[PDB]
Amino acid sequence: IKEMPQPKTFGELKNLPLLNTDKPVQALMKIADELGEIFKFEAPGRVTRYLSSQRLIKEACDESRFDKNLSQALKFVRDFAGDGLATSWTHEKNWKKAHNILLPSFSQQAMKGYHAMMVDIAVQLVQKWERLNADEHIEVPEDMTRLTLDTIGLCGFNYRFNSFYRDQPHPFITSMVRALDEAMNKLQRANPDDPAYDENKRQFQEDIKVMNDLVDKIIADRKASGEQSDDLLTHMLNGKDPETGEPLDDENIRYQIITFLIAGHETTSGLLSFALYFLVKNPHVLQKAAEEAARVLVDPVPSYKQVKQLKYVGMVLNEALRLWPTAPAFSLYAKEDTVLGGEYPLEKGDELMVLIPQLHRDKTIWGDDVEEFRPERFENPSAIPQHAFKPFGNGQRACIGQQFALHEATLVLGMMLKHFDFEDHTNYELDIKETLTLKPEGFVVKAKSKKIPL
Ligand SMILES: CCCCCCCN1CCC[C@H]1C(=O)N[C@@H](Cc1ccccc1)C(=O)O
Ligand SMILES: C=Cc1ccccc1
Ligand SMILES: [Cl-]
């Protein structure tokens with residue numbers, strides 16, 4: 001047995017003020033660099049332990065010993081994502097019911113059916129960049145968020161947010177972004193019942209009503225039409241769980257749609273933004289990826305099978321997820337008393353946080369070049385030890401969207417590399433904004449058309 005390290009304390013507030021920052025995950029990563037593979041974090045009324053090494057995270061990923069916990073972040077998101085897949089407990093009836101119903105809609109086979117709708121949004125992005133004037137620039141995370149939100153809207157419920165037609169977000173998105181901001185801000189809100197926050201609470205309830213009203217209306221409109229569009233909404237209205245024999249109820253369908261729109265806005269857009277950041281900072285990697293895109297994408301419109309052939313592009317995306325996993329942590333609880341790593345005794349109910357960026361910097365796994373962007377480290381994936389690479393979480397509670405997100409990101413990045421040369425015209429300094437997820441704020445490039453028609 002040994003006692004674990006703990007960062008600096010603030011009297012009665014214990015460690016809590018360490019997270020009073022716009023970049024709390026980055027602050028935790030610096031604490032992990034100082035303290036090592038495990039540290040205790042205390043706040044009034046709570047304790048958790050942050051894990052950074054593959055040695056300990058491999059044990060945390062044992063589903064016989066640990067289950068998914070709702071972090072306080074996810075408990076606050078649950079006020080609008082409800083018992084959708086990401087904000088439900090594994091033991092809630094609606095988790096396994098929705099998992100069984102939706103899993104076949106998210107398989108690699110299912111991606112063939114989404115491909116044409118993904119191409120529709122990807123072509124809108126390429127056309128926008130083709131239509132820029134000389135020495136205009138691209139706002140990268142802004143355009144990647146336009147793309148990923150519109151893709152999940154069109155695949156999620158046959159709804160066009162038309163983000164490439166707008167400066168100001170669709171009103172639904174204004175509300176969702178403000179609700180996510182309120183949820184994350186409440187983690188660092190000193191005394192939440194202060195009347196100073198009556199306005200924040202009124203605004204939060206208005207934002208919840210905006211999201212519910214659009215989504216409930218879309219569901220009610222589809223139910224009435226009987227239209228059988230092959231989207232997640234049709235799958236959810238029709239589908240029955242083989243175990244219970246029950247379908248999802250309309251309220252749970254609404255929470256699943258809200259969940260998918262949160263993920264589409266927050267995650268894939270960060271991955272695409274980081275991937276382009278690393279490509280412009282590593283011109284030899286950019287050249288290799290661009291050569292693959294030109295050799296494979298021989299038709300005006302990429303096919304499903306051609307996207308599967310963009311192997312190096314897939315390695316670039318995995319190497320971006322390694323260094324900056326855009327959903328940067330997940331939480332676990334001990335199912336029973338257990339000892340972690342032969343050293344750290346835990347009681348039933350004890351909470352763990354997995355710091356994915358730190359896991360992905362474990363030199364015992366990756367070697368001394370851990371900060372280098374080297375997609376070739378993914379060439380022989382059978383050599384990677386268990387639980388070393390976890391950008392999609394763990395086990396039965398891993399990301400249901402993994403195949404969707406990687407298909408969309410490989411398609412888009414392949415098209416971007418086929419159609420444009422890129423310049424880091426500002427010599428951009430990485431600045432990572434934290435929302436639910438991580439994204440590179442203020443990242444701009446210039447893109448010179450190779451003048452290849454669509
Ligand atoms: C994809 C979304 C991932 C969420 C990542 C968590 C993102 N938190 C943002 C702050 C740090 C990080 C985290 O470690 N929070 C924990 C612990 C905690 C609880 C209450 C207040 C502050 C912190 C939690 O939310 O329980
Ligand atoms: C971490 C994934 C996630 C996805 C959607 C809503 C809340 C959380
Ligand atoms: Cl103290």
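Positions are given from 1 along the sequence. What's counted below: heavy atoms across the whole structure, side chains too, no hydrogens, waters or symmetry copies. Start at 1 and go down the list; that is how both ligands and their atoms are numbered.
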**Complete:** among protein heavy atoms, the one nearest atom 24 (C) of ligand 1 is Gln72 N, 3.3 Å
**Fill in**
In this structure, atom 12 (C) of ligand 1 is nearest to the protein heavy atom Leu28 CD1, 4.3 Å
**Asked** Can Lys93 and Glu246 be counted as an ion pair, charged N to O under 4.0 angstrom?
**Response** yes
**Complete:** Quick note on ligand 1: atoms under 4.0 Å from a heavy atom of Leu436 include exactly 1 (C), 2 (C)
**Request:** Could you tell me whether ligand 1 has any atom less than 4.0 Å away from a heavy atom of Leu19?
**Result:** yes
**Message:** Please determine whether a side-chain nitrogen of the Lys or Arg among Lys217 and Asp213 lies less than 4.0 Å from a carboxylate oxygen of the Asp or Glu.
**Reply:** no
**Request:** Could you tell me whether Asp250 and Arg222 have a side-chain N and a carboxylate O separated by less than 4.0 Å?
**Result:** no
**Asked** How far apart are the closest heavy atoms of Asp143 and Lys128, and which atoms are they?
**Response** OD1-NZ, 2.8 Å
**Request:** May I ask you to decide whether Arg189 forms a salt bridge with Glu182, counting only side-chain N to carboxylate O separations under 4.0 Å?
**Result:** yes
**Asked** What residue and heavy atom of the protein are closest to atom 8 (N) of ligand 1, and at what distance?
**Response** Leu187 CD1, 4.2 Å
**Item:** salt_bridge(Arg65, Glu336) N-O dist < 4.0 Å
**Value:** no
**Request:** Could you find the nearest protein heavy atom to atom 25 (O) of ligand 1 and give me its residue, atom name and distance?
**Result:** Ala73 N, 2.9 Å
**Message:** Between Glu343 and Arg55 (salt bridge meaning N to carboxylate O under 4.0 Å), is one present in this structure?
**Reply:** yes
**Complete:** A student checking ligand 2 against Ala86 at a 4.0 Å heavy-atom cut-off should list atoms 3 (C), 4 (C), 5 (C), 6 (C), 7 (C), 8 (C)
**Asked** Given the rule in the side-chain contact (heavy atoms from CB on, under 4.5 Å) test, do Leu233 and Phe260 qualify, once you have shown the distances and angles that lead to the verdict?
**Response** CA-CA 11 Å; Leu233 178 52; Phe260 298 146; over 6 Å; no
**Message:** Against ligand 1, does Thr267 come closer than 4.0 Å with any heavy atom?
**Reply:** no
**Message:** Below 4.0 Å, non-hydrogen atoms only: which portion of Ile262 touches ligand 2? Side chain, backbone, both or neither.
**Reply:** side chain
**Request:** Tell me which protein heavy atom sits closest to atom 7 (C) of ligand 1, plus the residue, atom name and distance to 0.1 Å.
**Result:** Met184 CE, 4.0 Å
**Request:** Report the nearest protein non-hydrogen atom to atom 17 (C) of ligand 1: residue, atom name, distance rounded to 0.1 Å.
**Result:** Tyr50 OH, 3.7 Å
**Item:** Sidechain-backbone polar pair: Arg166 side chain, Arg146 backbone, donor-acceptor under 3.5 Å
**Value:** no
**Fill in**
Among non-hydrogen protein atoms, atom 3 (C) of ligand 1 lies closest to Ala329 O, 3.6 Å
**Asked** What residue and heavy atom of the protein are closest to atom 1 (C) of ligand 2, and at what distance?
**Response** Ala327 CB, 4.6 Å
**Request:** Considering the heavy atoms of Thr259, write down every atom of ligand 2 situated less than 4.0 Å from one of them.
**Result:** 5 (C)
**Message:** I'd like to know if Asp216 and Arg254 make a salt bridge, using a cut-off of under 4.0 Å between side-chain N and carboxylate O.
**Reply:** yes
**Request:** Return yes if a side-chain donor-acceptor contact under 3.5 Å exists between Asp241 and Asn100, otherwise no.
**Result:** yes
**Message:** I'd like to know whether ligand 1 has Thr48 as a neighbour, heavy-atom separation below 4.0 Å.
**Reply:** no
**Item:** Is_contact(atom 4 (C) of ligand 2), protein non-hydrogen, under 4.0 Å
**Value:** yes
**Prompt:** Tell me, which protein residue and heavy-atom name are nearest atom 23 (C) of ligand 1, and how many Å apart are they?
**Reply:** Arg46 NH2, 3.4 Å
